Amino acid sequence: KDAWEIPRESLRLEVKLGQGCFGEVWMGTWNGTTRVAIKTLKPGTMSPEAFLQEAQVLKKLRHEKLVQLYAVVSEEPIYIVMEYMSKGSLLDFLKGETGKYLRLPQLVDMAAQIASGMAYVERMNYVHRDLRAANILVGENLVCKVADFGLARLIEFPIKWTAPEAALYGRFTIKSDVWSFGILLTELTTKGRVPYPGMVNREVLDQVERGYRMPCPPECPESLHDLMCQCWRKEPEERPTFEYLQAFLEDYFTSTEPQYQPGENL
Ligand SMILES: COc1cc(Nc2c(C#N)cnc3cc(OCCCN4CCN(C)CC4)c(OC)cc23)c(Cl)cc1Cl
C-alpha cells in the first residue's frame, strides 16, 4: 500500500453518472468537504492492477490540463477517486445544447488545452493510447482536460481514432496519440460527429492504408485541415509534436488565420 490510498469510509457514493464493461462513475463527497468523481469496480468486474495501473500512470502524471487523481481504494469494495469535472465528456458537451453555439475560437482553444495536456504527457515520455473527445472532460469556463489513461504506458481498440501502425502492429507511440489528436480535431470542428461518416471499421482500415484522409470539415479553414493532415502522416516520425500543436493552436487567430470571420457554424 502507498500514500495514495484512503479509507473507503471517507467516501459518499452519491449520484450515479455512468456504467461500462468495467464498472461505474459516480458523483460523490470525500471527507465530507470535497466534491469528487469515482470510477468504480462493481465488485468483481475485472483484474486488480489492470483497473489499478491507470492509477500508477495517473500518480506520476500531474498537469493542469490532465484530470487529477485524488486517491485510490483496494480496501474492496474498490474505487478510483478523482477531480470532478462539472460539464462531463467533451463528446457529450459537443453534441449537447451548448455545442451548437460553439465557434471556432472556442473550439481551437479547447484543442489548445488538450494539446497542452498532451505536450506534458509527451515530455514525460508516456503514451495515452486512447485519445478522443470521449476521454476529454470539460469543466467550468470551457476548460478541457485529458482523462482515462486506462491503457497508458511508458514507451518501453477503436480503430477510427487509432493510428494505423498502432492498430495493425501494436506500435503505440506519442506519435500515434498525435494521429488521434488530428481525428480529435475533426470531432471539435463537426461538434461531435463520428469520424469517417458512413464507413465501417475494416473499410476505414483499408482506405486509410491506401491513403484516404478525411476532407476539410465544412466551414473549417484549410490551414486547420492542413494540420490534421500533418497529424495523419503515414510515417509516425513525420507527424508534428504536441508542443508544435499546442503553440500552433494558441497562436492560431493571430499567426495563422488573422482574418477569420465567423460563419453560420464556425
Ligand atoms: C475517476 O476515474 C475516471 C472518471 C471519468 N469520468 C468523470 C471524471 C473523471 N476523471 C470527473 N467528473 C465527471 C463528471 C460527469 O458528469 C458531471 C456533469 C454531467 N452533465 C452533462 C450534461 N449537463 C447538462 C449536466 C452535467 C461524468 O459523466 C459521466 C464523468 C466524469 C473519466 Cl472520463 C476517466 C477516469 Cl480514469
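Hydrogens, waters and symmetry mates play no part in the numbers below; they use all other heavy atoms, side chains included. Atoms within a ligand are numbered from 1 in the order they appear, just like the ligands themselves. We number each residue from 1, following the sequence as shown.
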### Backbone or side-chain N or O of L17 under 3.5 Å from ligand 1 N or O
no
### Task
Just let me know how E54 lines up against ligand 1, side chain, backbone, both or neither, with a heavy-atom cut-off below 4.0 Å.
side chain
### Query
Hey, is atom 25 (C) of ligand 1 touched by any protein heavy atom at less than 4.0 Å?
no
### Message
Among all protein heavy atoms in this structure, tell me which lies nearest to atom 6 (N) of ligand 1, with the distance rounded to 0.1 Å.
### Response
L137 CD1, 3.9 Å
### Query
Is it the side chain, the backbone, both or neither of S86 that has a heavy atom closer than 4.0 Å to ligand 1?
backbone
### Task
Classify the side-chain pair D226/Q230 by whether it contains a donor and acceptor separated by less than 3.5 Å.
no
### Query
Identify the closest protein heavy atom to atom 13 (C) of ligand 1: which residue and atom is it, and at what distance?
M85 O, 3.6 Å
#### Entry: Polar side chain donor-acceptor pair, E187 to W161, under 3.5 angstrom
yes
### Message
Quick test of your reading of the model: are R123 and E243 salt-bridged, counting only N-O distances below 4.0 Å?
### Response
no
### Query
Between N135 and ligand 1, which part of the residue brings a heavy atom under 4.0 Å of the ligand: side chain, backbone, both or neither?
neither
### Message
Among all the protein's heavy atoms, is there at least one whose distance to atom 31 (C) of ligand 1 comes out below 4.0 Å?
### Response
yes
### Task
For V67, counting its heavy atoms only, list the atoms of ligand 1 lying under 4.0 Å from any of them.
9 (C), 10 (N)
### Message
To the nearest 0.5 Å, what is the distance between CD1 on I80 and OG1 on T40?
### Response
10.5 Å
### Query
Going by atom types only, do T29 and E14 share a side-chain donor-acceptor pair under 3.5 Å?
yes
### Close approach, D92 and ligand 1, non-hydrogen under 4.0 angstrom
no
### Query
Quick one: does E97 get within less than 4.0 Å of ligand 1, heavy atoms only?
no
### Query
What is the closest protein heavy atom to atom 21 (C) of ligand 1, and at what distance does it sit?
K87 O, 3.9 Å
### Query
Cationic tip of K39 within the cone over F22's six-membered ring, i.e. under 6.0 Å and within 45° of the normal?
yes
### Query
Tell me: protein heavy atom nearest atom 17 (C) of ligand 1, and distance?
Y84 OH, 3.1 Å
### Query
Does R8 use its side chain to pair, donor to acceptor, with the backbone of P77 at less than 3.5 Å?
yes
### Query
Any side-chain heavy atom of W179 within less than 4.5 Å of one from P236?
no
### Query
With a 4.0 Å cut-off, strictly under, does atom 34 (C) of ligand 1 pick up any protein heavy atom?
yes
### Task
Start with the C-alpha distance between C231 and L245, add both sets of side-chain angles, then the distance that settles side-chain contact (heavy atoms from CB on, under 4.5 Å), and finish with yes or no.
CA-CA 9 Å; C231 291; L245 296 163; 3.9 Å; yes
### Task
Indicate, with yes or no, if the rings of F172 and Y126 have centres closer together than 6.0 Å.
no
### Message
Taking 4.0 angstrom as the limit and counting only heavy atoms of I80, give me the atoms of ligand 1 inside it, by number and element.
### Response
1 (C), 2 (O)
### Query
Right, does atom 2 (O) of ligand 1 have protein non-hydrogen atoms nearer than 4.0 Å?
yes
